[PDB]
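Let's start with one chain on its own, the form deposited in one PDB entry, as structure tokens.
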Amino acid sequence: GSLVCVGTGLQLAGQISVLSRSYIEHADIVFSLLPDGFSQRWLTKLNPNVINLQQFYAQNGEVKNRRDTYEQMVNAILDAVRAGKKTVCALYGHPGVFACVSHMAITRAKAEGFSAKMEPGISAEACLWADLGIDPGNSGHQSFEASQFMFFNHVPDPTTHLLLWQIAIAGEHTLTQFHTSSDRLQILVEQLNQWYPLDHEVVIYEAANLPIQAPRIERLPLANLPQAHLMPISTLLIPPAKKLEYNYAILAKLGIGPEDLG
């Protein structure tokens, strides 16, 4: 048995890599986690032997720690590998970007003496740069999971483009709810206000999953965030609050000045 984890990108059918599609086609079995039923039908036509990982999520308003969902997901994948199947895990976007299931499965597979690798895919971050026409290298880039930013001490660089992932569940500590509340978002606004003014324009971004769909690119003041309509697939972009300023300290060590810059 063996394992290969691939990503399908965000867009239907077209955003998967040539080689990754090939892996799905030749697999003995595929474990999937895709955005919608259109992608699910696409996958099944490519390879009929599919197990949908969606089933391991809380069903019927049940209370279930996502930690347990992920564990059950990993175990299902490993059961196929241990059985001797050439196993492919097909996750939307990049299989190892803000996704613990693939990394976990690969680690466990290697430990039990199985071949396991991960193939990179196109993530929501990659879609954002393209859709917004922003280069992460322009003034730098930082990414944080929203709740982690709240729970732990992170210090952002306000000259960079800052991304807060999973903004829709920002502050949801139990890991049992599918969305947070406005009061939690308000606490985030107050936290961010350390670096960013209340009137600072931020962007709620949602990459399209269908080819006939337009991305969501809603600009609004940071203050209005708690009233905004957020979805699980929402990412919050916080543009720079300050322009780049010369680092005279290091310039001096280099024995040069701003005017010497090419």
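Whichever C-alpha set is largest while still superposing within 1.5 Å between the two forms counts as the rigid core. From 1 onward, residues are counted along the sequence shown.
The same protein also has a form deposited in another entry, omitted here; what follows describes it.
- When both forms sit on the same rigid core, the CA shifts between this form and the one not shown reach 2 angstroms or more only at 176 out of 182, 176, 115, 107.
- With a change of no less than 3 Å, the CA-CA distance between residue 168 and residue 175 is larger in the other entry than in the form shown.
- In the other entry, the CA atoms of residue 180 and residue 205 move farther apart by at least 3 angstroms compared with the shown structure.
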